[PDB]
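K.L.:
What follows is start-v8.txt; its format and atoms are compact mmCIF, C-alpha atoms.
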```txt
# COMPACT_ATOMS: atom_id res chain seq x y z
CA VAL A 292 0.00 0.00 0.00
CA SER A 293 1.99 3.04 -1.34
CA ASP A 294 1.55 6.71 -0.25
CA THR A 295 2.44 8.39 -3.64
CA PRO A 296 0.23 9.26 -6.68
CA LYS A 297 -0.58 6.59 -9.35
CA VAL A 298 2.31 6.26 -11.88
CA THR A 299 3.59 3.80 -14.51
CA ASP A 300 7.22 2.88 -15.46
CA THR A 301 5.96 1.24 -18.73
CA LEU A 302 6.62 4.17 -21.15
CA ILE A 303 7.68 4.48 -24.87
CA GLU A 304 10.88 3.30 -26.66
CA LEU A 305 11.72 4.85 -30.07
CA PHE A 306 13.91 3.01 -32.63
CA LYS A 307 15.51 5.30 -35.27
CA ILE A 308 15.71 3.69 -38.75
CA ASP A 309 16.54 4.74 -42.32
CA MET A 310 13.25 5.57 -44.06
CA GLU A 311 14.19 4.35 -47.57
CA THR A 312 15.71 0.94 -46.53
CA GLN A 313 13.62 0.53 -43.30
CA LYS A 314 16.90 -0.79 -41.72
CA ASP A 315 18.44 -0.24 -38.22
CA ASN A 316 21.49 1.24 -40.06
CA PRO A 317 22.23 4.66 -41.55
CA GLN A 318 23.21 5.05 -45.25
CA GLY A 319 26.58 6.51 -46.41
CA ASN A 320 28.37 8.13 -43.46
CA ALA A 321 25.12 9.47 -41.92
CA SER A 322 24.06 8.50 -38.36
CA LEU A 323 20.89 7.19 -36.68
CA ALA A 324 22.45 8.16 -33.30
CA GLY A 325 22.02 11.75 -32.04
CA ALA A 326 18.40 12.15 -33.22
CA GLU A 327 16.67 14.39 -30.62
CA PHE A 328 13.07 13.96 -29.39
CA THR A 329 11.11 16.52 -27.31
CA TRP A 330 8.73 14.93 -24.74
CA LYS A 331 6.06 16.99 -22.94
CA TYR A 332 4.00 15.83 -19.96
CA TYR A 333 0.75 17.65 -19.00
CA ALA A 334 -1.17 17.24 -15.68
CA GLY A 335 -4.52 17.24 -17.56
CA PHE A 336 -6.18 15.01 -20.19
CA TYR A 337 -5.96 16.60 -23.64
CA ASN A 338 -5.95 15.71 -27.36
CA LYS A 339 -3.71 17.24 -30.10
CA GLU A 340 -6.29 20.07 -30.69
CA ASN A 341 -6.54 21.49 -27.10
CA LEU A 342 -3.01 21.14 -25.57
CA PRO A 343 -2.32 24.01 -23.10
CA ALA A 344 0.40 26.54 -24.12
CA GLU A 345 2.68 25.30 -21.28
CA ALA A 346 3.62 21.70 -20.49
CA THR A 347 3.89 20.54 -16.86
CA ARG A 348 7.37 19.04 -17.63
CA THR A 349 9.58 18.94 -20.76
CA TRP A 350 12.48 16.55 -21.63
CA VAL A 351 14.80 16.34 -24.67
CA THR A 352 16.33 12.86 -25.27
CA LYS A 353 18.61 11.44 -28.00
CA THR A 354 19.00 8.08 -29.79
CA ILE A 355 22.05 6.05 -28.63
CA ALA A 356 23.47 2.86 -30.18
CA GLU A 357 22.78 -0.35 -28.21
CA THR A 358 23.72 -3.92 -29.24
CA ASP A 359 21.23 -6.61 -28.01
CA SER A 360 22.02 -10.28 -27.05
CA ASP A 361 21.52 -11.41 -30.73
CA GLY A 362 24.27 -8.94 -31.83
CA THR A 363 21.91 -6.39 -33.47
CA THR A 364 22.62 -2.67 -32.90
CA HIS A 365 19.51 -0.45 -32.52
CA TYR A 366 19.34 3.37 -32.15
CA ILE A 367 17.05 3.82 -29.13
CA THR A 368 15.76 6.74 -27.06
CA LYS A 369 13.35 6.80 -24.09
CA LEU A 370 12.69 8.74 -20.85
CA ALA A 371 15.81 7.83 -18.77
CA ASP A 372 19.10 9.59 -17.70
CA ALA A 373 21.24 7.64 -20.23
CA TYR A 374 19.25 9.26 -23.14
CA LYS A 375 18.69 12.73 -21.64
CA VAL A 376 20.00 15.84 -23.49
CA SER A 377 18.23 18.61 -21.53
CA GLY A 378 15.03 19.67 -19.75
CA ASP A 379 13.30 19.19 -16.38
CA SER A 380 14.00 16.39 -13.85
CA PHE A 381 12.20 13.06 -14.46
CA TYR A 382 9.59 11.74 -11.98
CA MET A 383 11.53 8.95 -10.28
CA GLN A 384 10.34 5.90 -8.35
CA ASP A 385 12.48 2.85 -7.30
CA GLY A 386 15.38 4.08 -9.55
CA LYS A 387 13.21 4.29 -12.73
CA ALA A 388 11.56 7.20 -14.63
CA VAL A 389 7.73 7.14 -14.29
CA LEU A 390 4.75 9.24 -15.42
CA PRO A 391 1.63 10.10 -13.39
CA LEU A 392 -1.87 10.33 -14.93
CA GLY A 393 -2.04 12.88 -17.76
CA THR A 394 -1.02 13.59 -21.35
CA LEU A 395 2.32 12.77 -23.05
CA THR A 396 3.45 14.17 -26.42
CA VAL A 397 6.69 13.43 -28.32
CA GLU A 398 8.11 14.56 -31.67
CA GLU A 399 11.54 14.49 -33.38
CA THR A 400 13.05 18.03 -32.96
CA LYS A 401 16.53 17.29 -34.41
CA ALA A 402 17.30 14.81 -37.21
CA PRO A 403 20.43 12.67 -36.64
CA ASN A 404 23.56 13.77 -38.61
CA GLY A 405 23.08 13.23 -42.39
CA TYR A 406 19.24 13.02 -42.12
CA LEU A 407 16.31 15.47 -42.60
CA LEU A 408 13.34 16.09 -40.20
CA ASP A 409 11.10 16.69 -43.25
CA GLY A 410 8.53 13.82 -43.54
CA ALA A 411 9.81 11.81 -40.52
CA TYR A 412 7.13 9.40 -39.17
CA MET A 413 6.53 6.83 -36.43
CA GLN A 414 5.13 3.29 -36.74
CA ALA A 415 4.01 0.90 -33.94
CA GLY A 416 4.23 -2.20 -36.18
CA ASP A 417 4.29 -3.31 -39.83
CA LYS A 418 1.41 -1.91 -42.05
CA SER A 419 0.15 0.17 -39.05
CA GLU A 420 -0.59 3.96 -39.32
CA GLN A 421 2.36 6.30 -40.19
CA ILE A 422 2.26 9.05 -37.47
CA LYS A 423 3.72 12.37 -38.69
CA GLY A 424 4.47 15.34 -36.43
CA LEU A 425 3.47 15.34 -32.76
CA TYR A 426 2.40 11.97 -31.25
CA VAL A 427 -0.17 12.46 -28.42
CA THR A 428 -1.19 9.80 -25.89
CA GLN A 429 -2.32 9.75 -22.24
CA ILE A 430 -1.58 7.93 -18.98
CA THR A 431 -5.05 6.83 -17.76
CA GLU A 432 -6.66 4.94 -14.85
CA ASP A 433 -7.28 1.18 -15.25
CA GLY A 434 -8.52 -0.08 -11.86
CA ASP A 435 -5.96 0.91 -9.17
CA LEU A 436 -3.20 1.28 -11.85
CA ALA A 437 -1.92 4.02 -14.21
CA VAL A 438 -1.48 2.76 -17.82
CA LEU A 439 0.01 4.39 -20.94
CA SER A 440 -2.46 4.27 -23.89
CA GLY A 441 -1.27 2.96 -27.26
CA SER A 442 1.94 1.19 -28.29
CA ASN A 443 5.04 1.06 -26.00
CA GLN A 444 7.38 0.88 -29.06
CA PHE A 445 7.68 2.80 -32.36
CA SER A 446 10.09 2.89 -35.30
CA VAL A 447 11.03 6.44 -36.35
CA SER A 448 11.73 6.64 -40.15
CA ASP A 449 14.12 9.47 -41.24
CA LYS A 450 14.80 10.65 -44.84
CA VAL A 451 18.56 10.69 -45.61
CA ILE A 452 20.07 13.89 -47.11
CA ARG A 453 20.73 13.47 -50.88
CA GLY A 454 22.81 15.44 -53.39
CA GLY A 455 24.61 15.25 -56.74
CA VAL A 456 27.90 16.14 -58.45
CA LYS A 457 29.04 17.64 -61.80
CA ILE A 458 32.56 17.73 -63.34
CA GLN A 459 34.67 18.36 -66.55
CA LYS A 460 37.74 16.57 -68.08
CA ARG A 461 41.24 17.97 -67.16
CA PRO A 470 42.21 23.57 -80.57
CA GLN A 471 38.96 24.84 -78.85
CA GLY A 472 36.57 22.24 -77.34
CA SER A 473 39.19 19.51 -78.06
CA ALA A 474 38.78 18.52 -74.36
CA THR A 475 35.10 19.43 -73.68
CA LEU A 476 33.72 17.82 -76.90
CA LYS A 477 35.43 14.47 -76.07
CA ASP A 478 33.13 11.72 -74.69
CA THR A 479 34.51 11.53 -71.13
CA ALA A 480 32.87 8.97 -68.80
CA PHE A 481 33.19 9.30 -65.00
CA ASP A 482 32.70 6.50 -62.44
CA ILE A 483 31.26 7.55 -59.01
CA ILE A 484 32.48 5.12 -56.25
CA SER A 485 31.17 4.77 -52.64
CA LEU A 486 33.83 5.39 -49.92
CA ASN A 487 31.18 4.66 -47.22
CA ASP A 488 31.17 2.09 -44.33
CA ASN A 489 27.34 1.70 -44.76
CA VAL A 490 25.30 0.82 -47.90
CA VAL A 491 24.01 3.62 -50.17
CA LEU A 492 20.70 3.38 -52.10
CA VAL A 493 21.39 4.73 -55.62
CA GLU A 494 18.72 4.42 -58.40
CA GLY A 495 16.93 1.57 -56.51
CA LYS A 496 20.11 -0.49 -55.84
CA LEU A 497 22.27 -0.98 -52.69
CA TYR A 498 26.04 -0.41 -53.09
CA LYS A 499 28.91 -1.19 -50.66
CA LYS A 500 32.32 0.52 -50.22
CA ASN A 501 34.50 0.65 -53.42
CA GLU A 502 31.52 -0.31 -55.68
CA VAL A 503 30.71 1.95 -58.72
CA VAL A 504 27.22 3.45 -58.00
CA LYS A 505 26.92 5.44 -61.26
CA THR A 506 28.66 6.28 -64.58
CA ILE A 507 28.10 9.78 -66.13
CA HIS A 508 29.16 11.14 -69.57
CA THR A 509 30.10 14.71 -70.59
CA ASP A 510 27.45 16.78 -72.49
CA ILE A 511 28.29 19.05 -75.51
CA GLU A 512 29.47 21.78 -73.02
CA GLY A 513 31.90 19.19 -71.51
CA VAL A 514 29.91 18.88 -68.22
CA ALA A 515 28.98 15.44 -66.73
CA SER A 516 26.26 15.87 -64.09
CA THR A 517 23.97 13.74 -61.88
CA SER A 518 20.48 14.52 -60.55
CA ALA A 519 20.27 16.48 -57.23
CA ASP A 520 19.00 13.33 -55.38
CA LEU A 521 21.36 10.61 -56.73
CA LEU A 522 23.72 10.21 -53.71
CA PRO A 523 22.94 9.90 -49.98
CA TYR A 524 24.95 11.85 -47.36
CA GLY A 525 28.38 10.21 -47.61
CA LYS A 526 31.93 10.10 -49.03
CA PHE A 527 32.48 9.34 -52.75
CA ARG A 528 35.32 9.07 -55.30
CA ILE A 529 34.81 10.36 -58.89
CA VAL A 530 37.38 9.21 -61.51
CA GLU A 531 37.54 9.10 -65.35
CA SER A 532 36.41 5.62 -66.51
CA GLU A 533 39.35 4.65 -68.83
CA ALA A 543 43.02 9.14 -64.43
CA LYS A 544 43.58 11.31 -61.27
CA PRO A 545 40.69 10.56 -58.78
CA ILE A 546 38.80 13.21 -56.70
CA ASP A 547 37.28 12.48 -53.25
CA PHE A 548 34.24 14.62 -52.28
CA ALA A 549 31.42 14.67 -49.71
CA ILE A 550 27.61 14.96 -50.03
CA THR A 551 26.42 17.09 -47.03
CA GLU A 552 23.74 19.60 -48.25
CA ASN A 553 20.33 18.26 -49.42
CA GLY A 554 19.53 18.95 -53.15
CA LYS A 555 22.94 20.59 -53.82
CA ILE A 556 25.03 19.60 -56.93
CA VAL A 557 28.69 19.51 -55.76
CA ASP A 558 30.62 21.58 -58.36
CA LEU A 559 33.97 19.97 -59.40
CA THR A 560 34.29 21.98 -62.71
CA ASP A 561 36.76 24.77 -61.62
```
Now that the file is in, can you turn its structure into structure tokens?
P.N.:
Amino acid sequence: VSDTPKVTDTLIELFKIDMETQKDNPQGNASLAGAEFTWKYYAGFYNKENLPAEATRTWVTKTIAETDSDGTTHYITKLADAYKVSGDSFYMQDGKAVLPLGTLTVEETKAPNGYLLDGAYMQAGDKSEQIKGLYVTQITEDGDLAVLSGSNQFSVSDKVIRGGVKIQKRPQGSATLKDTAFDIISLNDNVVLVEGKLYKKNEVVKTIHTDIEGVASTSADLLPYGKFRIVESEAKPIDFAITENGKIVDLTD
């Protein structure tokens, strides 16, 4: 027979994954670790449409890599000290973070390095509803207990940053009018999805040819955040990075 308000330690675990591959691994040299989530607890019972302007407590947590007993690394965040970035103190009971009756909201507020926030969504299981933006649930009474409504686990899908690259070969037009082919190679420790196909380190992900101006170019979404090597396909190679979304890296000097 306790003497403290009704609370539950059964909260929510978020698993960060790559949206395009649906894998527990980042693409290129991006990360699934470091994604930040803002959690807000409210003393009342609200829905998304009538949340008060001020939360009762606010916490910012981040995804951290964890390898399970099967040897699989996941990128997990939840309401505990090991995942905390900033915010108020947690409600603690018997060495664990708990929540009293009320409303709980959570949304991704910082994409992990190499990813975008744009379009990120949560999923409780396979085929279930894709939740975009702010997720809202409550801690409600069930007999003498406090219970969190809805799923206890979600996958959080993040869109990887993508970019492109353009280049030239090194009379008049005797160099630019030649048919110069360039191979683009992955220098990444993780797979890269390029034109519907997965490529590993040192594999050629694309070949591009020079136009009548002498410029070989890719689309602005060909390559995920990552390190790449561009070399004439016959030969002095160039290493470059994709970091800004939709930007064509300019190697034409």
K.L.:
Could you please determine the separation between CA of residue 318 in chain A and CA of residue 499 in chain A in Å, to one decimal place?
P.N.:
10.0 Å
K.L.:
Tell me which protein, DNA and RNA residues are within 6 Å of range 428-437 of chain A, counting all atoms listed in the file, leaving out same-chain ones fewer than 4 positions away, and put them as a list in words.
P.N.:
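That gives residues 297, 298, 299, 392, 393, 394 and 395 of chain A.
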K.L.:
Any idea what's packed within 8 Å of residue 377 in chain A, counting all atoms listed in the file, ignoring anything in its chain fewer than 3 positions away? Could you give it as a ChimeraX atom specification?
P.N.:
/A:350-352
K.L.:
When you look at residue 489 in chain A with a cut-off of 9 Å (counting all atoms listed in the file), what residues show up, excluding the ones that are within fewer than 2 positions of it in the same chain? I need them as a compact mmCIF listing (two decimals) with C-alpha atoms, keeping the file's coordinate frame.
P.N.:
```txt
# COMPACT_ATOMS: atom_id res chain seq x y z
CA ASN A 316 21.49 1.24 -40.06
CA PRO A 317 22.23 4.66 -41.55
CA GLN A 318 23.21 5.05 -45.25
CA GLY A 319 26.58 6.51 -46.41
CA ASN A 320 28.37 8.13 -43.46
CA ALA A 321 25.12 9.47 -41.92
CA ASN A 487 31.18 4.66 -47.22
CA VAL A 491 24.01 3.62 -50.17
CA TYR A 498 26.04 -0.41 -53.09
CA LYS A 499 28.91 -1.19 -50.66
CA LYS A 500 32.32 0.52 -50.22
```
K.L.:
Distance CA of residue 387 in chain A-CA of residue 372 in chain A, one decimal place?
P.N.:
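Answer for the CA of residue 387 in chain A to CA of residue 372 in chain A separation: 9.4 Å.
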K.L.:
Which residue out of A:427, A:302, A:476, A:493 has the minimum interatomic distance to residue 521 in chain A when only C-alpha atoms are used?
P.N.:
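Of the candidates, the smallest distance to residue 521 in chain A is held by A:493.
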K.L.:
Give as a list in words every residue, naming chains and numbers as the document does, that has an atom within 9 Å of (4.3, 20.9, -22.3), counting only C-alpha atoms.
P.N.:
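Protein, DNA and RNA residues close to (4.3, 20.9, -22.3): residues 330, 331, 332, 333, 342, 343, 344, 345, 346, 347, 348, 349, 395 and 396 of chain A.
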K.L.:
Expressed in Å to a single decimal, how great is the separation between CA of residue 403 in chain A and CA of residue 356 in chain A?
P.N.:
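Calculated distance between CA of residue 403 in chain A and CA of residue 356 in chain A is 12.1 Å.
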K.L.:
Between A:438, A:497, A:507, A:371, which one has atoms that come closest to residue 383 in chain A, using only C-alpha atoms?
P.N.:
A:371
K.L.:
So which one's closest to residue 443 in chain A, A:470, A:554, A:523, A:416? Using only C-alpha atoms, please.
P.N.:
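Smallest separation from residue 443 in chain A among the options: A:416.
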K.L.:
Pull the neighbourhood of (18.6, 19.3, -53.5) for me: all residues within 6 Å in file coordinates, counting all atoms listed in the file, as a PyMOL selection string.
P.N.:
chain A and resi 454+519+553-555
K.L.:
If we count only C-alpha atoms, what is near range 406-408 of chain A at a cut-off of 6 Å, once residues fewer than 4 positions away on the same chain are taken out, given as number ranges by chain?
P.N.:
A: 402, 450-452
K.L.:
Filtering to C-alpha atoms, could you give me those residues as a compact mmCIF listing (two decimals), in the coordinates of the input?
P.N.:
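Printed below is part22.txt as written:
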```txt
# COMPACT_ATOMS: atom_id res chain seq x y z
CA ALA A 402 17.30 14.81 -37.21
CA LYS A 450 14.80 10.65 -44.84
CA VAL A 451 18.56 10.69 -45.61
CA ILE A 452 20.07 13.89 -47.11
```
K.L.:
Would you kindly return, as a list in words, each protein, DNA or RNA residue with an atom no farther than 9 Å from any atom of residue 513 in chain A, considering only C-alpha atoms and excluding same-chain residues fewer than 6 positions away?
P.N.:
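So, after excluding close chain neighbours, the residues are residues 458, 459, 460, 472, 474, 475, 476, 477, 478 and 479 of chain A.
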K.L.:
With all atoms listed in the file as the atoms that count, which of A:404, A:380, A:471, A:485 lies nearest to residue 547 in chain A?
P.N.:
A:485
K.L.:
Could you check which of A:488, A:512, A:357, A:398 is closest to residue 326 in chain A, using only C-alpha atoms?
P.N.:
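Counting only C-alpha atoms, the residue closest to residue 326 in chain A is A:398.
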